[PDB]
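A.B. asks: Got a file for you: structure.csv, CSV, C-alpha atoms and all ligand atoms.
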```csv
chain,number,residue,atom,x,y,z
Y,2,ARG,CA,18.5,6.9,13.4
Y,3,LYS,CA,17.9,7.9,9.8
Y,4,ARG,CA,14.4,7.0,8.4
Y,5,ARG,CA,14.0,7.3,4.7
Y,6,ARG,CA,11.6,6.6,1.8
Y,7,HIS,CA,12.5,3.9,-0.7
Y,8,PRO,CA,11.7,4.3,-4.4
Y,9,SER,CA,10.2,1.5,-6.4
Y,10,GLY,CA,12.5,-0.5,-8.6
V,34,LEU,CA,-9.9,17.2,-20.4
V,35,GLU,CA,-8.0,20.4,-19.7
V,36,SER,CA,-11.3,22.2,-19.2
V,37,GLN,CA,-13.0,19.7,-17.0
V,38,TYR,CA,-10.4,20.0,-14.2
V,39,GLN,CA,-8.8,23.0,-12.7
V,40,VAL,CA,-5.2,22.1,-12.1
V,41,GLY,CA,-3.4,23.0,-8.9
V,42,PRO,CA,-0.1,22.4,-7.1
V,43,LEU,CA,2.2,19.5,-7.6
V,44,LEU,CA,1.7,17.0,-4.9
V,45,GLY,CA,4.6,14.7,-5.7
V,46,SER,CA,6.7,13.1,-8.4
V,47,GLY,CA,8.9,10.0,-8.8
V,48,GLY,CA,8.9,6.5,-10.3
V,49,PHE,CA,5.1,6.8,-10.7
V,50,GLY,CA,5.0,10.1,-12.7
V,51,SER,CA,3.9,13.5,-11.5
V,52,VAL,CA,0.7,13.9,-9.4
V,53,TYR,CA,-1.1,17.3,-9.1
V,54,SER,CA,-3.9,18.5,-6.9
V,55,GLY,CA,-7.0,19.5,-8.8
V,56,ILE,CA,-10.7,20.2,-8.6
V,57,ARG,CA,-13.4,18.9,-10.9
V,58,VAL,CA,-15.3,22.0,-12.2
V,59,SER,CA,-18.5,20.0,-12.5
V,60,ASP,CA,-19.0,19.9,-8.7
V,61,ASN,CA,-15.8,21.0,-6.9
V,62,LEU,CA,-14.8,17.4,-6.1
V,63,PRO,CA,-11.2,17.3,-4.9
V,64,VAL,CA,-9.1,15.1,-7.3
V,65,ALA,CA,-5.6,14.1,-7.9
V,66,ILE,CA,-4.2,14.3,-11.5
V,67,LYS,CA,-1.5,11.8,-12.3
V,68,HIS,CA,0.6,12.0,-15.5
V,69,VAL,CA,2.6,9.0,-16.8
V,70,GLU,CA,4.9,9.3,-19.9
V,71,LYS,CA,4.2,6.7,-22.5
V,72,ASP,CA,7.9,5.8,-23.0
V,73,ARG,CA,8.3,5.0,-19.3
V,74,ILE,CA,5.5,2.4,-19.2
V,75,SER,CA,6.7,-1.2,-18.8
V,76,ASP,CA,3.5,-3.3,-18.7
V,77,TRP,CA,0.6,-2.7,-21.0
V,78,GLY,CA,-2.8,-4.2,-21.2
V,79,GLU,CA,-6.4,-3.8,-22.5
V,80,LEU,CA,-9.8,-3.8,-20.8
V,81,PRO,CA,-13.3,-4.5,-22.2
V,82,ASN,CA,-13.3,-2.0,-25.1
V,83,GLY,CA,-10.1,-3.7,-26.4
V,84,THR,CA,-8.2,-0.3,-26.2
V,85,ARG,CA,-4.6,-0.6,-25.3
V,86,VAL,CA,-3.8,1.1,-22.0
V,87,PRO,CA,-1.2,1.0,-19.2
V,88,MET,CA,-1.8,-2.0,-16.9
V,89,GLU,CA,-2.3,0.5,-14.0
V,90,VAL,CA,-5.5,1.6,-15.7
V,91,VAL,CA,-6.6,-2.0,-16.1
V,92,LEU,CA,-6.0,-2.7,-12.5
V,93,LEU,CA,-7.5,0.5,-11.2
V,94,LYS,CA,-10.8,-0.1,-13.1
V,95,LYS,CA,-11.0,-3.6,-11.7
V,96,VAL,CA,-10.7,-2.4,-8.1
V,97,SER,CA,-12.6,0.9,-8.5
V,98,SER,CA,-16.2,-0.4,-8.4
V,99,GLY,CA,-18.1,0.6,-5.3
V,100,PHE,CA,-16.7,1.7,-1.9
V,101,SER,CA,-13.4,0.4,-0.6
V,102,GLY,CA,-10.1,1.4,1.1
V,103,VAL,CA,-8.6,1.9,-2.4
V,104,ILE,CA,-8.3,5.3,-4.1
V,105,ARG,CA,-10.6,5.1,-7.0
V,106,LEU,CA,-10.0,5.9,-10.7
V,107,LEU,CA,-12.7,8.4,-11.7
V,108,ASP,CA,-11.5,9.1,-15.3
V,109,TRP,CA,-8.5,8.9,-17.6
V,110,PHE,CA,-7.3,10.4,-20.9
V,111,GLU,CA,-4.7,9.6,-23.5
V,112,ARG,CA,-2.4,12.3,-24.8
V,113,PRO,CA,0.2,12.1,-27.7
V,114,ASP,CA,3.0,11.1,-25.3
V,115,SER,CA,1.3,10.4,-22.0
V,116,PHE,CA,-1.7,9.0,-20.1
V,117,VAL,CA,-3.5,11.2,-17.5
V,118,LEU,CA,-5.4,9.6,-14.6
V,119,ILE,CA,-8.1,11.3,-12.5
V,120,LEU,CA,-8.1,9.9,-8.9
V,121,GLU,CA,-10.0,10.6,-5.7
V,122,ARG,CA,-8.3,13.0,-3.3
V,123,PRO,CA,-9.1,12.9,0.4
V,124,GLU,CA,-9.1,16.2,2.2
V,125,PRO,CA,-7.6,16.7,4.7
V,126,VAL,CA,-5.0,13.9,4.0
V,127,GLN,CA,-1.5,12.7,5.1
V,128,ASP,CA,0.3,9.7,3.8
V,129,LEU,CA,1.3,7.0,6.3
V,130,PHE,CA,5.0,7.5,5.8
V,131,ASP,CA,4.8,11.2,6.9
V,132,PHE,CA,2.4,10.3,9.7
V,133,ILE,CA,4.8,7.7,11.2
V,134,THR,CA,7.8,10.1,10.7
V,135,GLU,CA,6.0,12.8,12.7
V,136,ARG,CA,4.3,10.7,15.4
V,137,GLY,CA,6.9,8.0,15.9
V,138,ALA,CA,6.0,4.4,16.9
V,139,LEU,CA,2.2,4.2,16.9
V,140,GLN,CA,0.2,3.0,19.9
V,141,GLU,CA,-0.9,-0.6,19.3
V,142,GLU,CA,-4.6,0.4,19.4
V,143,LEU,CA,-4.0,2.7,16.4
V,144,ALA,CA,-1.7,0.3,14.5
V,145,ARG,CA,-4.5,-2.4,14.9
V,146,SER,CA,-7.1,-0.1,13.4
V,147,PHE,CA,-4.8,1.0,10.5
V,148,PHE,CA,-3.5,-2.5,9.8
V,149,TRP,CA,-7.0,-4.0,9.8
V,150,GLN,CA,-8.1,-1.4,7.2
V,151,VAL,CA,-5.1,-2.2,5.1
V,152,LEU,CA,-6.0,-5.9,5.3
V,153,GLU,CA,-9.6,-5.2,4.2
V,154,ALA,CA,-8.3,-3.1,1.2
V,155,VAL,CA,-5.8,-5.8,0.1
V,156,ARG,CA,-8.5,-8.5,0.4
V,157,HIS,CA,-10.6,-6.3,-1.8
V,158,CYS,CA,-7.9,-6.1,-4.5
V,159,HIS,CA,-7.4,-9.8,-4.4
V,160,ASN,CA,-11.2,-10.4,-4.7
V,161,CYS,CA,-11.1,-8.2,-7.8
V,162,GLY,CA,-8.2,-10.2,-9.3
V,163,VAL,CA,-5.5,-7.5,-8.6
V,164,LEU,CA,-2.1,-8.0,-6.9
V,165,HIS,CA,-0.8,-4.6,-5.7
V,166,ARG,CA,2.9,-5.6,-5.2
V,167,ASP,CA,3.9,-2.4,-3.6
V,168,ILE,CA,2.2,-2.3,-0.2
V,169,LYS,CA,4.1,0.2,2.0
V,170,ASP,CA,3.3,3.2,4.2
V,171,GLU,CA,4.3,5.6,1.3
V,172,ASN,CA,1.4,4.0,-0.7
V,173,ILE,CA,-1.2,4.6,2.0
V,174,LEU,CA,-3.2,7.8,2.5
V,175,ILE,CA,-5.0,8.7,5.8
V,176,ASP,CA,-8.3,10.6,5.6
V,177,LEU,CA,-7.6,12.5,8.8
V,178,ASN,CA,-11.3,13.5,9.2
V,179,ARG,CA,-13.0,10.1,8.6
V,180,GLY,CA,-10.2,8.0,10.0
V,181,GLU,CA,-10.1,5.9,6.8
V,182,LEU,CA,-7.0,4.5,5.0
V,183,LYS,CA,-6.7,4.4,1.2
V,184,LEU,CA,-4.3,2.4,-1.0
V,185,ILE,CA,-2.7,4.2,-3.9
V,186,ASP,CA,-0.3,3.6,-6.8
V,187,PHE,CA,-0.9,0.4,-8.7
V,188,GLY,CA,2.0,1.1,-11.2
V,189,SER,CA,3.9,-2.0,-10.0
V,190,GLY,CA,0.8,-4.3,-9.8
V,191,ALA,CA,-0.3,-7.3,-11.8
V,192,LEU,CA,-3.3,-9.5,-12.3
V,193,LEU,CA,-3.5,-12.0,-9.5
V,194,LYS,CA,-2.5,-15.5,-10.5
V,195,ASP,CA,-1.7,-18.8,-8.7
V,196,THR,CA,1.5,-19.5,-10.6
V,197,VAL,CA,5.0,-18.1,-9.9
V,198,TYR,CA,6.0,-14.5,-10.5
V,199,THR,CA,9.5,-13.9,-11.9
V,200,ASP,CA,9.3,-10.1,-12.4
V,201,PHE,CA,9.2,-7.4,-9.7
V,202,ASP,CA,9.5,-3.6,-9.7
V,203,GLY,CA,8.1,-2.8,-6.2
V,204,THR,CA,10.0,-1.6,-3.2
V,205,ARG,CA,12.9,-3.9,-2.4
V,206,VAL,CA,13.0,-3.4,1.3
V,207,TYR,CA,9.4,-4.7,1.4
V,208,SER,CA,10.1,-7.7,-0.9
V,209,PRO,CA,10.3,-11.2,0.5
V,210,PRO,CA,13.4,-13.3,0.9
V,211,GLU,CA,12.4,-15.7,-1.9
V,212,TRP,CA,12.6,-12.8,-4.3
V,213,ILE,CA,16.0,-11.7,-3.0
V,214,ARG,CA,17.4,-15.2,-3.2
V,215,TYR,CA,15.7,-16.7,-6.3
V,216,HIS,CA,13.8,-14.0,-8.2
V,217,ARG,CA,10.6,-16.1,-7.6
V,218,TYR,CA,7.6,-15.5,-5.4
V,219,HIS,CA,3.9,-16.3,-5.2
V,220,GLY,CA,1.4,-13.4,-4.9
V,221,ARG,CA,-0.5,-13.8,-1.7
V,222,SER,CA,2.5,-15.0,0.4
V,223,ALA,CA,4.7,-12.2,-0.9
V,224,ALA,CA,1.9,-9.7,0.0
V,225,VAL,CA,1.8,-11.1,3.5
V,226,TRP,CA,5.5,-10.6,3.9
V,227,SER,CA,5.2,-6.9,3.0
V,228,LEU,CA,2.3,-6.6,5.4
V,229,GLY,CA,4.7,-7.9,8.2
V,230,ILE,CA,7.1,-5.2,7.2
V,231,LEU,CA,4.3,-2.7,7.4
V,232,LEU,CA,3.1,-3.8,10.8
V,233,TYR,CA,6.7,-3.7,12.2
V,234,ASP,CA,7.0,-0.2,10.7
V,235,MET,CA,3.8,1.0,12.4
V,236,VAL,CA,4.6,-0.3,15.9
V,237,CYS,CA,8.4,0.4,15.9
V,238,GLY,CA,8.6,3.7,13.9
V,239,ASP,CA,10.6,2.3,11.0
V,240,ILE,CA,10.9,-0.8,8.8
V,241,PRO,CA,13.1,-3.6,10.3
V,242,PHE,CA,15.4,-4.3,7.3
V,243,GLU,CA,17.4,-2.1,5.0
V,244,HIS,CA,19.8,-4.7,3.4
V,245,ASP,CA,19.5,-7.9,1.5
V,246,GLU,CA,21.4,-9.8,4.2
V,247,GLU,CA,18.9,-8.7,6.8
V,248,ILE,CA,15.9,-9.6,4.6
V,249,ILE,CA,17.1,-13.1,4.1
V,250,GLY,CA,18.4,-13.4,7.7
V,251,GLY,CA,14.9,-13.5,9.1
V,252,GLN,CA,15.9,-12.2,12.5
V,253,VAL,CA,13.4,-9.6,13.8
V,254,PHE,CA,14.8,-7.4,16.5
V,255,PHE,CA,12.2,-5.1,18.3
V,256,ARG,CA,13.6,-1.6,18.8
V,257,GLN,CA,10.5,-0.5,20.7
V,258,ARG,CA,8.3,-2.0,23.4
V,259,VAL,CA,5.8,-4.2,21.5
V,260,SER,CA,3.3,-6.6,23.0
V,261,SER,CA,4.1,-10.3,22.8
V,262,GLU,CA,0.9,-10.9,20.8
V,263,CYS,CA,1.9,-8.3,18.2
V,264,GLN,CA,5.5,-9.6,18.0
V,265,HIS,CA,4.1,-13.0,17.4
V,266,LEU,CA,1.9,-11.8,14.5
V,267,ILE,CA,4.8,-9.9,13.0
V,268,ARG,CA,7.2,-12.8,13.2
V,269,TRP,CA,4.6,-15.1,11.6
V,270,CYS,CA,4.1,-12.7,8.7
V,271,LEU,CA,7.9,-12.6,8.3
V,272,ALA,CA,8.5,-16.3,8.2
V,273,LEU,CA,11.3,-17.1,5.8
V,274,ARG,CA,9.5,-20.0,4.2
V,275,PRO,CA,6.5,-18.6,2.3
V,276,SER,CA,4.3,-21.6,3.1
V,277,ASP,CA,4.9,-20.9,6.8
V,278,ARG,CA,3.3,-17.4,6.6
V,279,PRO,CA,-0.3,-16.8,7.6
V,280,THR,CA,-3.2,-16.5,5.2
V,281,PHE,CA,-5.2,-13.3,5.3
V,282,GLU,CA,-7.9,-15.1,7.3
V,283,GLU,CA,-5.3,-16.3,9.9
V,284,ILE,CA,-4.1,-12.7,10.3
V,285,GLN,CA,-7.5,-11.2,10.9
V,286,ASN,CA,-8.3,-14.1,13.3
V,287,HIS,CA,-5.1,-13.6,15.3
V,288,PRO,CA,-5.7,-12.6,18.9
V,289,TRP,CA,-3.8,-9.3,18.4
V,290,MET,CA,-6.4,-8.3,15.8
V,291,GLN,CA,-9.5,-8.6,17.9
V,292,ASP,CA,-11.7,-5.6,18.9
V,293,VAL,CA,-10.6,-3.2,16.2
V,294,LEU,CA,-11.8,0.4,16.5
V,295,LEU,CA,-14.2,1.8,13.9
V,296,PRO,CA,-12.8,4.4,11.5
V,297,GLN,CA,-14.9,7.2,13.1
V,298,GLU,CA,-13.6,6.1,16.6
V,299,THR,CA,-10.1,6.0,15.3
V,300,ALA,CA,-10.3,9.6,14.0
V,301,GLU,CA,-11.8,10.9,17.2
V,302,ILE,CA,-9.4,9.2,19.6
V,303,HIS,CA,-6.2,9.4,17.6
V,304,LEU,CA,-6.5,11.9,14.7
V,305,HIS,CA,-8.7,14.9,15.7
Y,401,LIG,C1,1.1,7.7,-6.9
Y,401,LIG,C2,-0.3,7.4,-7.4
Y,401,LIG,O1,-0.6,6.5,-8.2
Y,401,LIG,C3,-1.4,8.2,-6.8
Y,401,LIG,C4,-1.1,9.2,-6.0
Y,401,LIG,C5,-2.1,10.0,-5.2
Y,401,LIG,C6,-3.4,9.8,-5.3
Y,401,LIG,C7,-4.4,10.6,-4.6
Y,401,LIG,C8,-3.9,11.6,-3.8
Y,401,LIG,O2,-4.8,12.4,-3.1
Y,401,LIG,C9,-2.5,11.8,-3.7
Y,401,LIG,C10,-1.6,11.1,-4.4
```
Is it possible to give me this structure as structure tokens?
C.D. replies:
Amino acid sequence: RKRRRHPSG
Amino acid sequence: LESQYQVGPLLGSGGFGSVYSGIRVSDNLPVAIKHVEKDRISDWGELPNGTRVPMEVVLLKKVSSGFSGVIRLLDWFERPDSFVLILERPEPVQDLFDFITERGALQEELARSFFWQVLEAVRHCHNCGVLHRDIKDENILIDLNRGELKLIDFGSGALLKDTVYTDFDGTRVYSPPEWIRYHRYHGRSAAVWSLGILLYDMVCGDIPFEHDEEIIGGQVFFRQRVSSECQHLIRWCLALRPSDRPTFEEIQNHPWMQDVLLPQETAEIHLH
């Protein structure tokens, strides 16, 4: 399963 | 400014600006050098001297006195179009997002030690009148040698207050359902929600929610084996009604939180 970062905003 | 620090490689860039590795020539202290363009700065403030600065500088100075689990502001400079911040740099270091990506779901003993240290650091911010508003694994650095966690990036923060907040520029997948539904939240209770997301992230290997509907659905499915005591703490932090969430004291008094490892012990058992 794809784990990803999440940008602010 | 340009002759007090020897600039090195780019460590990262994004919504926060561009952060470089560097070394203070005065004593070879490892530092991080963060650049923020003036035109990209949303919230401005002023500190004692009455000089107008980005709010991030105001918040960093308020939390940067003495020792803590917050990365400290050592110095800062104004340029024609930008502000430059000199920050502590642990060495060796890895951020908590990469750590979890590589190791997977963390043993509960290790998640307890990490989460405890995050709690002490956020308590410290709130004692100093600062609300971080962007607690997540990406904004947490691990000093691999000392086993200490360090909070970074106050660029979405605010002064702590007891009235409602109606603005938010943190990470949406860590924001609480009252923000998704109504664009309103209170500081401490919204922080606790993001801490629930962080604890789930540590013990399951990834955050529980990706979509608005999941955030406001308030159903927590556990994708890894997690103890009943830990599941209970997580579900409590992720209560849909803010007033149903625990205080920071209730979190640290929870049975899952007892007998935390020391930082040194944590590094020796789990990091070295
Ligand atoms: C994004 C931010 O405000 C600070 C980043 C950062 C600080 C210290 C370090 O060692 C590496 C990165």
A.B. asks: Using all atoms listed in the file, which protein or nucleic acid residues come within 9 Å of residue 4 in chain Y? Drop anything in the same chain fewer than 4 positions from it, and give the result as a PyMOL selection string.
C.D. replies: chain V and resi 134+238-240
A.B. asks: When you look at range 5-8 of chain Y with a cut-off of 10 Å (counting all atoms listed in the file), what residues show up, excluding the ones that are within fewer than 2 positions of it in the same chain? I need them as number ranges by chain.
C.D. replies: Y: 2-3, 10; V: 47-49, 130-131, 134, 169-171, 202-207, 239-240, 243
A.B. asks: Restricting the output to C-alpha atoms, write the selected residues as a short mmCIF file (atom, residue, chain, number, x, y, z; two decimals), in the frame of the given file.
C.D. replies:
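Full text of result.cif as output:
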```cif
data_model
loop_
_atom_site.label_atom_id
_atom_site.label_comp_id
_atom_site.auth_asym_id
_atom_site.auth_seq_id
_atom_site.Cartn_x
_atom_site.Cartn_y
_atom_site.Cartn_z
CA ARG Y 2 18.50 6.90 13.40
CA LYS Y 3 17.90 7.90 9.80
CA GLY Y 10 12.50 -0.50 -8.60
CA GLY V 47 8.90 10.00 -8.80
CA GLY V 48 8.90 6.50 -10.30
CA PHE V 49 5.10 6.80 -10.70
CA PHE V 130 5.00 7.50 5.80
CA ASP V 131 4.80 11.20 6.90
CA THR V 134 7.80 10.10 10.70
CA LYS V 169 4.10 0.20 2.00
CA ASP V 170 3.30 3.20 4.20
CA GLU V 171 4.30 5.60 1.30
CA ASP V 202 9.50 -3.60 -9.70
CA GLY V 203 8.10 -2.80 -6.20
CA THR V 204 10.00 -1.60 -3.20
CA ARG V 205 12.90 -3.90 -2.40
CA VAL V 206 13.00 -3.40 1.30
CA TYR V 207 9.40 -4.70 1.40
CA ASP V 239 10.60 2.30 11.00
CA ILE V 240 10.90 -0.80 8.80
CA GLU V 243 17.40 -2.10 5.00
#
```
A.B. asks: Every residue with an atom at most 12 Å from (5.7, 7.4, 15.3) (file coordinates; all atoms listed in the file) is what I'm after, so could you write them as a ChimeraX atom specification?
C.D. replies: /Y:4 /V:129-141,143-144,233-240,257
A.B. asks: Return as a PyMOL selection string the residues of protein, DNA or RNA that approach ligand LIG 401 (chain Y) to within 6 Å, with only C-alpha atoms and all ligand atoms taken into account.
C.D. replies: chain V and resi 49+65+120-123+185-186
A.B. asks: Okay, now the selection with C-alpha atoms, as a PDB file, keeping the file's coordinate frame?
C.D. replies:
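Resulting contents of result.pdb:
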```
ATOM      1  CA  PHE V  49       5.100   6.800 -10.700  1.00  0.00           C
ATOM      2  CA  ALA V  65      -5.600  14.100  -7.900  1.00  0.00           C
ATOM      3  CA  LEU V 120      -8.100   9.900  -8.900  1.00  0.00           C
ATOM      4  CA  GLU V 121     -10.000  10.600  -5.700  1.00  0.00           C
ATOM      5  CA  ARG V 122      -8.300  13.000  -3.300  1.00  0.00           C
ATOM      6  CA  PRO V 123      -9.100  12.900   0.400  1.00  0.00           C
ATOM      7  CA  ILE V 185      -2.700   4.200  -3.900  1.00  0.00           C
ATOM      8  CA  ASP V 186      -0.300   3.600  -6.800  1.00  0.00           C
TER       9      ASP V 186
END
```
A.B. asks: CA of residue 305 in chain V and CA of residue 127 in chain V are how many Å apart?
C.D. replies: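 CA of residue 127 in chain V lies at a distance of 13.0 Å from CA of residue 305 in chain V.
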A.B. asks: Tell me which protein, DNA and RNA residues are within 10 Å of residue 71 in chain V, counting only C-alpha atoms, leaving out same-chain ones fewer than 4 positions away, and put them as a VMD selection string.
C.D. replies: chain V and resid 75 86 to 87 111 to 116
A.B. asks: Please return as a compact mmCIF listing (two decimals) with C-alpha atoms, keeping the file's coordinate frame every residue within 12 Å of (-7.1, -5.2, -22.6), taking into account all atoms listed in the file and the file's own coordinates.
C.D. replies:
```
# COMPACT_ATOMS: atom_id res chain seq x y z
CA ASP V 76 3.50 -3.30 -18.70
CA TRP V 77 0.60 -2.70 -21.00
CA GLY V 78 -2.80 -4.20 -21.20
CA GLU V 79 -6.40 -3.80 -22.50
CA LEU V 80 -9.80 -3.80 -20.80
CA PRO V 81 -13.30 -4.50 -22.20
CA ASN V 82 -13.30 -2.00 -25.10
CA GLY V 83 -10.10 -3.70 -26.40
CA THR V 84 -8.20 -0.30 -26.20
CA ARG V 85 -4.60 -0.60 -25.30
CA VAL V 86 -3.80 1.10 -22.00
CA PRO V 87 -1.20 1.00 -19.20
CA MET V 88 -1.80 -2.00 -16.90
CA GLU V 89 -2.30 0.50 -14.00
CA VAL V 90 -5.50 1.60 -15.70
CA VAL V 91 -6.60 -2.00 -16.10
CA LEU V 92 -6.00 -2.70 -12.50
CA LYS V 94 -10.80 -0.10 -13.10
CA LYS V 95 -11.00 -3.60 -11.70
CA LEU V 192 -3.30 -9.50 -12.30
```
A.B. asks: CA of residue 283 in chain V and CA of residue 265 in chain V, how far apart in Å?
C.D. replies: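 Computing it gives 12.5 Å between the two atoms.
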A.B. asks: For each of V:213, V:158, V:62, V:168, take the minimum atom-to-atom distance to residue 9 in chain Y, counting only C-alpha atoms, then give the residue where this is smallest.
C.D. replies: V:168
